[PDB]
Structure formats: C-alpha cells, structure tokens
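**Q** Pasting in a structure now, in structure tokens, and then I'll have a few things to ask.
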Amino acid sequence: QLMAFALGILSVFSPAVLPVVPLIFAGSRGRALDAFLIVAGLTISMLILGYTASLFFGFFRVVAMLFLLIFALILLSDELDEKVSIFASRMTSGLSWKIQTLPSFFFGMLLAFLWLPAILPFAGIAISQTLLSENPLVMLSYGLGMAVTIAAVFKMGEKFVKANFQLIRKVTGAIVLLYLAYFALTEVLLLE
C-alpha cells in the first residue's frame, strides 16, 4: 500500500532479540531501515505486469530481484536449521520454467529471489482488500497463513517476544502464498 512501507518501520521499533537475527522478520538497526525499503519495492514494478506492459520497465523486474538474491544468501549461510531447509523447498514449488525456458536472465531463478522481500507488504495488500472490491479466494487461501503470522507480529507494537521458536514458522506460509496470489490471472488491476 501507499503506507505499508511505513507499517514495517513501526515493526522495526519493537527491539526484541538484541541480535535480531533473522527471526521476527523485523529489524533493529540503521542498515535494516534501508532493507525495509526493498520489501516495499517489489510490489510497484510487478503491478505493471498486471496486464501486459510492453512499454514500461519489464526488464527492471528481473535485475531488481537479482540484487535481492545477495540478501537471501545470508539466510542459507545459517548454521543449518529447520525452516531454513524447508525454505529452500519453496524454490521447487516456486520455480516452473525448465523443459521450456526462454534464454535470458534465468527467469525461473529470478522468481525464487522474489519471495523473500515481501510479507509485511503482502500483509499491506490484504488491508486494502477489506475496503476494496471483493475476492474471498485470496483471503481464504491467504487466511490460514495470515492468521498465525499477523497475530504474532501484532505483539511487537507493544514489544516483540524473546524469540519464539514457533514464530519463525509463520514466515514460511506468507512467503509460499504470495507467489500463488500474483499468479491469479485476475484482479491486481483496479486502477484503470
């Protein structure tokens, strides 16, 4: 949304684990603020795709995601763990082009990169949905992933949690859902 980016900054407030190690998908530093801008960034380029650009910045979408992969590499670096291993699994579900790819910037590789920036912005579109047209399909698909994640993060407003091991699990569901919603060959237009 035109304020979802702002929503993340509030999240940054909530300190939490001093190391704030990628756990609450939050943050607690100056450099982190710069990273927050990136999550917001993914939605604007993509919106043009909604129908069929062919005269905007279609190329920008692939390169933009490439820079993001660098941030993703740190997650894999982790000293092995659960969700991290499963997180890689999203790549198998997410990728598609294989026995029929279009020689370019490895479109499919780029897509895997794309999921990590979102989430709170993904949360931002949903707020828009309640006060905008109708489409329970996204909500129903989104709802199971959304309810667990939204409740845990809300706690941050007052103060995050020690480092609830359960909380990390919520992050994966939101990420899996976003790719499917974008695929929806409908909506995402609205603006004439």
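Just so we're on the same page: first chain in the structure tokens is A, next is B, and so on; residues restart at 1 for each chain, and ligands are numbered from 1 in the order they show up.
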Quick one: DSSP helix (DSSP H, G or I) residues in segment 9-107 of chain A, as a PDB file with N, CA and C atoms, in the first residue's frame?
**A**
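Output saved as out09.pdb:
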ATOM      1  N   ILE A   9       8.308   0.049   9.316  1.00  0.00           N
ATOM      2  CA  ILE A   9       9.146   0.889  10.165  1.00  0.00           C
ATOM      3  C   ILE A   9       8.678   0.796  11.610  1.00  0.00           C
ATOM      4  N   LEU A  10       7.374   0.727  11.803  1.00  0.00           N
ATOM      5  CA  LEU A  10       6.828   0.605  13.150  1.00  0.00           C
ATOM      6  C   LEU A  10       7.320  -0.705  13.772  1.00  0.00           C
ATOM      7  N   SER A  11       7.375  -1.740  12.944  1.00  0.00           N
ATOM      8  CA  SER A  11       7.821  -3.060  13.374  1.00  0.00           C
ATOM      9  C   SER A  11       9.256  -3.005  13.843  1.00  0.00           C
ATOM     10  N   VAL A  12      10.045  -2.224  13.132  1.00  0.00           N
ATOM     11  CA  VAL A  12      11.442  -2.062  13.475  1.00  0.00           C
ATOM     12  C   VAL A  12      11.538  -1.543  14.895  1.00  0.00           C
ATOM     13  N   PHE A  13      10.610  -0.654  15.256  1.00  0.00           N
ATOM     14  CA  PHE A  13      10.605  -0.103  16.609  1.00  0.00           C
ATOM     15  C   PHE A  13      10.816  -1.228  17.614  1.00  0.00           C
ATOM     16  N   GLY A  30      20.226   0.730  11.710  1.00  0.00           N
ATOM     17  CA  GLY A  30      20.088   1.741  10.665  1.00  0.00           C
ATOM     18  C   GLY A  30      20.098   1.088   9.287  1.00  0.00           C
ATOM     19  N   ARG A  31      21.030   0.162   9.093  1.00  0.00           N
ATOM     20  CA  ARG A  31      21.145  -0.556   7.829  1.00  0.00           C
ATOM     21  C   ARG A  31      19.836  -1.272   7.518  1.00  0.00           C
ATOM     22  N   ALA A  32      19.210  -1.800   8.562  1.00  0.00           N
ATOM     23  CA  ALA A  32      17.952  -2.522   8.419  1.00  0.00           C
ATOM     24  C   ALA A  32      16.887  -1.637   7.773  1.00  0.00           C
ATOM     25  N   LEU A  33      16.874  -0.355   8.123  1.00  0.00           N
ATOM     26  CA  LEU A  33      15.880   0.556   7.560  1.00  0.00           C
ATOM     27  C   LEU A  33      15.980   0.568   6.039  1.00  0.00           C
ATOM     28  N   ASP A  34      17.204   0.555   5.525  1.00  0.00           N
ATOM     29  CA  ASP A  34      17.406   0.548   4.083  1.00  0.00           C
ATOM     30  C   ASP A  34      16.800  -0.716   3.480  1.00  0.00           C
ATOM     31  N   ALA A  35      17.004  -1.837   4.162  1.00  0.00           N
ATOM     32  CA  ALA A  35      16.475  -3.117   3.701  1.00  0.00           C
ATOM     33  C   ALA A  35      14.949  -3.087   3.647  1.00  0.00           C
ATOM     34  N   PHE A  36      14.337  -2.426   4.621  1.00  0.00           N
ATOM     35  CA  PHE A  36      12.879  -2.338   4.678  1.00  0.00           C
ATOM     36  C   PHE A  36      12.323  -1.709   3.400  1.00  0.00           C
ATOM     37  N   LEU A  37      13.017  -0.724   2.864  1.00  0.00           N
ATOM     38  CA  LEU A  37      12.556  -0.077   1.643  1.00  0.00           C
ATOM     39  C   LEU A  37      12.412  -1.120   0.534  1.00  0.00           C
ATOM     40  N   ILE A  38      13.335  -2.070   0.505  1.00  0.00           N
ATOM     41  CA  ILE A  38      13.319  -3.106  -0.520  1.00  0.00           C
ATOM     42  C   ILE A  38      12.009  -3.908  -0.500  1.00  0.00           C
ATOM     43  N   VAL A  39      11.494  -4.265   0.683  1.00  0.00           N
ATOM     44  CA  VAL A  39      10.261  -5.053   0.703  1.00  0.00           C
ATOM     45  C   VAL A  39       9.137  -4.310  -0.024  1.00  0.00           C
ATOM     46  N   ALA A  40       9.044  -3.015   0.210  1.00  0.00           N
ATOM     47  CA  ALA A  40       8.062  -2.173  -0.447  1.00  0.00           C
ATOM     48  C   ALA A  40       8.280  -2.149  -1.958  1.00  0.00           C
ATOM     49  N   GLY A  41       9.553  -2.149  -2.334  1.00  0.00           N
ATOM     50  CA  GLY A  41       9.971  -2.037  -3.729  1.00  0.00           C
ATOM     51  C   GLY A  41       9.419  -3.116  -4.651  1.00  0.00           C
ATOM     52  N   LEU A  42       9.321  -4.342  -4.174  1.00  0.00           N
ATOM     53  CA  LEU A  42       8.884  -5.425  -5.044  1.00  0.00           C
ATOM     54  C   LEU A  42       7.499  -5.193  -5.678  1.00  0.00           C
ATOM     55  N   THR A  43       6.538  -4.694  -4.917  1.00  0.00           N
ATOM     56  CA  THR A  43       5.186  -4.520  -5.443  1.00  0.00           C
ATOM     57  C   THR A  43       5.031  -3.546  -6.624  1.00  0.00           C
ATOM     58  N   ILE A  44       5.693  -2.389  -6.589  1.00  0.00           N
ATOM     59  CA  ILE A  44       5.478  -1.408  -7.663  1.00  0.00           C
ATOM     60  C   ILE A  44       5.884  -1.873  -9.072  1.00  0.00           C
ATOM     61  N   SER A  45       7.032  -2.530  -9.209  1.00  0.00           N
ATOM     62  CA  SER A  45       7.461  -2.987 -10.535  1.00  0.00           C
ATOM     63  C   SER A  45       6.492  -4.002 -11.130  1.00  0.00           C
ATOM     64  N   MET A  46       6.090  -4.885 -10.251  1.00  0.00           N
ATOM     65  CA  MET A  46       5.176  -6.001 -10.531  1.00  0.00           C
ATOM     66  C   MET A  46       3.783  -5.581 -10.993  1.00  0.00           C
ATOM     67  N   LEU A  47       3.273  -4.505 -10.425  1.00  0.00           N
ATOM     68  CA  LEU A  47       1.916  -4.058 -10.730  1.00  0.00           C
ATOM     69  C   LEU A  47       1.769  -3.822 -12.226  1.00  0.00           C
ATOM     70  N   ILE A  48       2.803  -3.303 -12.855  1.00  0.00           N
ATOM     71  CA  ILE A  48       2.747  -3.053 -14.286  1.00  0.00           C
ATOM     72  C   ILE A  48       2.431  -4.359 -15.036  1.00  0.00           C
ATOM     73  N   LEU A  49       2.987  -5.475 -14.564  1.00  0.00           N
ATOM     74  CA  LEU A  49       2.758  -6.763 -15.198  1.00  0.00           C
ATOM     75  C   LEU A  49       1.267  -7.094 -15.241  1.00  0.00           C
ATOM     76  N   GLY A  58       9.810  -3.627 -17.987  1.00  0.00           N
ATOM     77  CA  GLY A  58       9.712  -5.063 -17.738  1.00  0.00           C
ATOM     78  C   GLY A  58      11.057  -5.644 -17.311  1.00  0.00           C
ATOM     79  N   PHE A  59      12.127  -5.134 -17.907  1.00  0.00           N
ATOM     80  CA  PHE A  59      13.474  -5.602 -17.595  1.00  0.00           C
ATOM     81  C   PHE A  59      13.850  -5.281 -16.151  1.00  0.00           C
ATOM     82  N   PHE A  60      13.385  -4.150 -15.646  1.00  0.00           N
ATOM     83  CA  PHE A  60      13.719  -3.746 -14.284  1.00  0.00           C
ATOM     84  C   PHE A  60      13.359  -4.828 -13.280  1.00  0.00           C
ATOM     85  N   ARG A  61      12.279  -5.544 -13.531  1.00  0.00           N
ATOM     86  CA  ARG A  61      11.846  -6.543 -12.575  1.00  0.00           C
ATOM     87  C   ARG A  61      12.894  -7.646 -12.378  1.00  0.00           C
ATOM     88  N   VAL A  62      13.469  -8.172 -13.462  1.00  0.00           N
ATOM     89  CA  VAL A  62      14.478  -9.224 -13.307  1.00  0.00           C
ATOM     90  C   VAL A  62      15.760  -8.742 -12.611  1.00  0.00           C
ATOM     91  N   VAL A  63      16.287  -7.586 -13.007  1.00  0.00           N
ATOM     92  CA  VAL A  63      17.523  -7.104 -12.379  1.00  0.00           C
ATOM     93  C   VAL A  63      17.307  -6.779 -10.901  1.00  0.00           C
ATOM     94  N   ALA A  64      16.188  -6.131 -10.595  1.00  0.00           N
ATOM     95  CA  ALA A  64      15.890  -5.755  -9.219  1.00  0.00           C
ATOM     96  C   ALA A  64      15.942  -6.973  -8.304  1.00  0.00           C
ATOM     97  N   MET A  65      15.347  -8.069  -8.756  1.00  0.00           N
ATOM     98  CA  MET A  65      15.338  -9.296  -7.971  1.00  0.00           C
ATOM     99  C   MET A  65      16.759  -9.846  -7.810  1.00  0.00           C
ATOM    100  N   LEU A  66      17.586  -9.679  -8.834  1.00  0.00           N
ATOM    101  CA  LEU A  66      18.955 -10.188  -8.774  1.00  0.00           C
ATOM    102  C   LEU A  66      19.707  -9.619  -7.568  1.00  0.00           C
ATOM    103  N   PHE A  67      19.582  -8.318  -7.343  1.00  0.00           N
ATOM    104  CA  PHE A  67      20.266  -7.684  -6.219  1.00  0.00           C
ATOM    105  C   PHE A  67      19.782  -8.275  -4.899  1.00  0.00           C
ATOM    106  N   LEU A  68      18.505  -8.615  -4.868  1.00  0.00           N
ATOM    107  CA  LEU A  68      17.878  -9.183  -3.679  1.00  0.00           C
ATOM    108  C   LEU A  68      18.484 -10.540  -3.303  1.00  0.00           C
ATOM    109  N   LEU A  69      18.873 -11.330  -4.297  1.00  0.00           N
ATOM    110  CA  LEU A  69      19.424 -12.651  -4.013  1.00  0.00           C
ATOM    111  C   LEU A  69      20.599 -12.540  -3.044  1.00  0.00           C
ATOM    112  N   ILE A  70      21.374 -11.467  -3.151  1.00  0.00           N
ATOM    113  CA  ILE A  70      22.512 -11.288  -2.260  1.00  0.00           C
ATOM    114  C   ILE A  70      22.051 -11.368  -0.797  1.00  0.00           C
ATOM    115  N   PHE A  71      20.945 -10.692  -0.477  1.00  0.00           N
ATOM    116  CA  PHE A  71      20.426 -10.718   0.890  1.00  0.00           C
ATOM    117  C   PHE A  71      19.972 -12.127   1.263  1.00  0.00           C
ATOM    118  N   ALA A  72      19.428 -12.848   0.289  1.00  0.00           N
ATOM    119  CA  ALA A  72      18.937 -14.204   0.526  1.00  0.00           C
ATOM    120  C   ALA A  72      20.070 -15.162   0.893  1.00  0.00           C
ATOM    121  N   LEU A  73      21.236 -14.945   0.301  1.00  0.00           N
ATOM    122  CA  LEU A  73      22.387 -15.812   0.541  1.00  0.00           C
ATOM    123  C   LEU A  73      22.713 -15.927   2.039  1.00  0.00           C
ATOM    124  N   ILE A  74      22.516 -14.845   2.786  1.00  0.00           N
ATOM    125  CA  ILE A  74      22.822 -14.861   4.216  1.00  0.00           C
ATOM    126  C   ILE A  74      21.966 -15.890   4.962  1.00  0.00           C
ATOM    127  N   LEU A  75      20.715 -16.043   4.538  1.00  0.00           N
ATOM    128  CA  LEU A  75      19.811 -16.988   5.188  1.00  0.00           C
ATOM    129  C   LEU A  75      20.333 -18.418   5.040  1.00  0.00           C
ATOM    130  N   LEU A  76      20.767 -18.763   3.835  1.00  0.00           N
ATOM    131  CA  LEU A  76      21.295 -20.099   3.573  1.00  0.00           C
ATOM    132  C   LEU A  76      22.583 -20.325   4.367  1.00  0.00           C
ATOM    133  N   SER A  77      23.367 -19.264   4.521  1.00  0.00           N
ATOM    134  CA  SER A  77      24.628 -19.347   5.249  1.00  0.00           C
ATOM    135  C   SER A  77      24.423 -19.909   6.654  1.00  0.00           C
ATOM    136  N   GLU A  82      15.924 -25.821  10.735  1.00  0.00           N
ATOM    137  CA  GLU A  82      14.694 -26.384  10.176  1.00  0.00           C
ATOM    138  C   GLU A  82      14.154 -25.536   9.015  1.00  0.00           C
ATOM    139  N   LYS A  83      13.189 -24.672   9.326  1.00  0.00           N
ATOM    140  CA  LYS A  83      12.543 -23.821   8.316  1.00  0.00           C
ATOM    141  C   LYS A  83      13.513 -23.409   7.203  1.00  0.00           C
ATOM    142  N   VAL A  84      14.782 -23.230   7.539  1.00  0.00           N
ATOM    143  CA  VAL A  84      15.764 -22.849   6.535  1.00  0.00           C
ATOM    144  C   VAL A  84      15.843 -23.927   5.453  1.00  0.00           C
ATOM    145  N   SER A  85      15.874 -25.189   5.869  1.00  0.00           N
ATOM    146  CA  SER A  85      15.931 -26.279   4.903  1.00  0.00           C
ATOM    147  C   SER A  85      14.645 -26.303   4.081  1.00  0.00           C
ATOM    148  N   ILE A  86      13.513 -26.172   4.774  1.00  0.00           N
ATOM    149  CA  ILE A  86      12.212 -26.152   4.113  1.00  0.00           C
ATOM    150  C   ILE A  86      12.083 -24.923   3.225  1.00  0.00           C
ATOM    151  N   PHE A  87      12.669 -23.822   3.677  1.00  0.00           N
ATOM    152  CA  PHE A  87      12.610 -22.576   2.931  1.00  0.00           C
ATOM    153  C   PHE A  87      13.133 -22.808   1.519  1.00  0.00           C
ATOM    154  N   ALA A  88      14.226 -23.550   1.420  1.00  0.00           N
ATOM    155  CA  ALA A  88      14.801 -23.877   0.123  1.00  0.00           C
ATOM    156  C   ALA A  88      13.761 -24.615  -0.710  1.00  0.00           C
ATOM    157  N   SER A  89      12.954 -25.417  -0.025  1.00  0.00           N
ATOM    158  CA  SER A  89      11.903 -26.198  -0.668  1.00  0.00           C
ATOM    159  C   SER A  89      10.976 -25.303  -1.491  1.00  0.00           C
ATOM    160  N   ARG A  90      10.736 -24.077  -1.024  1.00  0.00           N
ATOM    161  CA  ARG A  90       9.856 -23.175  -1.748  1.00  0.00           C
ATOM    162  C   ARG A  90      10.363 -23.047  -3.184  1.00  0.00           C
ATOM    163  N   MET A  91      11.685 -23.088  -3.355  1.00  0.00           N
ATOM    164  CA  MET A  91      12.268 -22.980  -4.691  1.00  0.00           C
ATOM    165  C   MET A  91      11.681 -24.034  -5.630  1.00  0.00           C
ATOM    166  N   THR A  92      11.531 -25.266  -5.155  1.00  0.00           N
ATOM    167  CA  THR A  92      10.981 -26.305  -6.012  1.00  0.00           C
ATOM    168  C   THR A  92       9.532 -25.996  -6.376  1.00  0.00           C
ATOM    169  N   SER A  93       8.729 -25.600  -5.397  1.00  0.00           N
ATOM    170  CA  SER A  93       7.342 -25.256  -5.686  1.00  0.00           C
ATOM    171  C   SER A  93       7.238 -24.008  -6.574  1.00  0.00           C
ATOM    172  N   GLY A  94       8.027 -22.988  -6.211  1.00  0.00           N
ATOM    173  CA  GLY A  94       8.023 -21.692  -6.903  1.00  0.00           C
ATOM    174  C   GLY A  94       8.512 -21.713  -8.354  1.00  0.00           C
ATOM    175  N   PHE A 107      14.905 -16.642 -15.957  1.00  0.00           N
ATOM    176  CA  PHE A 107      13.648 -16.201 -15.363  1.00  0.00           C
ATOM    177  C   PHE A 107      13.284 -16.997 -14.112  1.00  0.00           C
TER     178      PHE A 107
END
**Q** Could you make a table, as JSON lines, of the residues of segment 105-126 of chain A that have an atom within 9 Å of an atom of segment 177-182 of chain A, each with its nearest atom pair and distance in Å to one decimal, counting only C-alpha atoms, in chain and number order?
**A**
{"residue": "A:111", "atom": "CA", "partner": "A:179", "partner_atom": "CA", "distance": 8.7}
{"residue": "A:114", "atom": "CA", "partner": "A:179", "partner_atom": "CA", "distance": 8.6}
{"residue": "A:115", "atom": "CA", "partner": "A:179", "partner_atom": "CA", "distance": 7.0}
{"residue": "A:118", "atom": "CA", "partner": "A:178", "partner_atom": "CA", "distance": 8.0}
{"residue": "A:119", "atom": "CA", "partner": "A:178", "partner_atom": "CA", "distance": 7.8}
{"residue": "A:122", "atom": "CA", "partner": "A:178", "partner_atom": "CA", "distance": 6.9}
**Q** Got time to write the residues from that selection, N, CA and C atoms, as a PDB file, in the first residue's frame?
**A**
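This went into out-v1.pdb:
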ATOM      1  N   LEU A 111      12.693 -15.777  -9.986  1.00  0.00           N
ATOM      2  CA  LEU A 111      11.444 -15.897  -9.237  1.00  0.00           C
ATOM      3  C   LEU A 111      11.696 -16.324  -7.787  1.00  0.00           C
ATOM      4  N   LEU A 114      12.518 -13.477  -5.619  1.00  0.00           N
ATOM      5  CA  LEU A 114      11.389 -12.557  -5.459  1.00  0.00           C
ATOM      6  C   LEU A 114      10.576 -12.724  -4.155  1.00  0.00           C
ATOM      7  N   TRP A 115      10.324 -13.939  -3.691  1.00  0.00           N
ATOM      8  CA  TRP A 115       9.517 -14.135  -2.471  1.00  0.00           C
ATOM      9  C   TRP A 115      10.064 -13.494  -1.169  1.00  0.00           C
ATOM     10  N   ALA A 118       8.952  -9.581   0.217  1.00  0.00           N
ATOM     11  CA  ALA A 118       7.616  -9.307   0.677  1.00  0.00           C
ATOM     12  C   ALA A 118       7.327  -9.594   2.158  1.00  0.00           C
ATOM     13  N   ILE A 119       6.106 -10.074   2.315  1.00  0.00           N
ATOM     14  CA  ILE A 119       5.455 -10.436   3.578  1.00  0.00           C
ATOM     15  C   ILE A 119       4.693  -9.247   4.210  1.00  0.00           C
ATOM     16  N   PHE A 122       2.847  -7.764   1.743  1.00  0.00           N
ATOM     17  CA  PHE A 122       1.834  -8.721   1.371  1.00  0.00           C
ATOM     18  C   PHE A 122       0.715  -8.535   2.360  1.00  0.00           C
TER      19      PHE A 122
END
**Q** Record the distance separating atom CA of residue 153 of chain A and atom CA of residue 1 of chain A, expressed in Å with one decimal.
**A**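 Taking atom CA of residue 153 of chain A and atom CA of residue 1 of chain A, their separation equals 18.1 Å.
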**Q** Could you state the separation of atom CA of residue 5 of chain A and atom CA of residue 24 of chain A in Å, given to one decimal place?
**A**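 Distance between the two atoms: 16.5 Å.
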**Q** Have a look at A:144, A:116, A:190, A:185 and name the one nearest to residue 129 of chain A; count only C-alpha atoms.
**A**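 Of A:144, A:116, A:190, A:185, the one nearest residue 129 of chain A, counting only C-alpha atoms, is A:190.
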